[PDB]
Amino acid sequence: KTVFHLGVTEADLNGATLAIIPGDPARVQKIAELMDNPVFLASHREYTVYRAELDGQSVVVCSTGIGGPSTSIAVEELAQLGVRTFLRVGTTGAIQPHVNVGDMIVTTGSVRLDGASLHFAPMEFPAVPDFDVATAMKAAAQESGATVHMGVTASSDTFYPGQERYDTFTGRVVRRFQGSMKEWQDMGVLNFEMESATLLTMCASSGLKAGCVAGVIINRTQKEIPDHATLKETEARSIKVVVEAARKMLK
């Protein structure tokens, strides 16, 4: 039985019950190669799927693409194939001045500025990670030597107006999002990304274990542009951390 979007079978996964789920298809092989015996499984649309072994145990790496809609498909189809634990790694924009490029964020809860979360739970439901996964991510991120922040993530269905960017084609932001960045800042929100609300809400309400770790690639309050070196390091550290968090989740 092949799942419709991902194009893999349960046999393909080789008993894996844990998935690492990056956003970018290009990141899948890189993560897989940090582990043992990486094996390319399939590539369809934004979904690149690999299998590898961590401490003897089969693990899946599967990209989600951008946004909760495409993430929700990947998570659902992997769950059909037996995956029960989902470790999200992705890039993020910080919105607090104390948070620097190269820092790591582990989401304790997400502002649900998406639509897909609502297809699993009403708005009142918290977009919260599994406590064990969040604990493992904090441990792995801190043990890596990175500066780590635990806190609330604003998770948006857009990269532009939902993150109150005005340097756009229309230069307009709809009423709902006018003044919204200052509002999140004052509420102590750490960062913007585009998948965590969907991921955390669907998993918390569906008996699946999930968490999110993110490397800070930009800070919206900072005028300085990060150099190539810092970005490469950040990207390398992010995937190292997610693999080590996965190691901590294995039993």
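Position 1 is the first residue in the sequence shown; the rest follow in order.
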| Among the other entries that model both neighbours of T230, does it go unmodelled in a third or more? | yes
| message | Averaging CA B factors per stretch from the PDB record, which one is higher: 200 to 208 or 33 to 41? | response | 33 to 41
| task | Averaging only over Cα atoms, indicate whether 55 to 63 or 187 to 195 has the higher B-factor in the PDB entry. | result | 55 to 63
| Which of these, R175, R172, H98, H119, has its C-alpha atom at the highest B-factor, as the entry lists it? | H98
| request: Pick out which of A134, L113, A79, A146 has the highest C-alpha B-factor in the PDB entry. | output: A146
| field | Ranked C-alpha temperature factor of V243 among modelled chain residues, by third | value | middle
| query | For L13, does the deposited CA B-factor place it in the lowest, middle or highest third of the chain? | reply | highest
| Lowest, middle or highest third of the chain for the C-alpha temperature factor of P25? | highest
| field | Entry-reported Cα temperature factor of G102, expressed as the chain third it lands in | value | highest
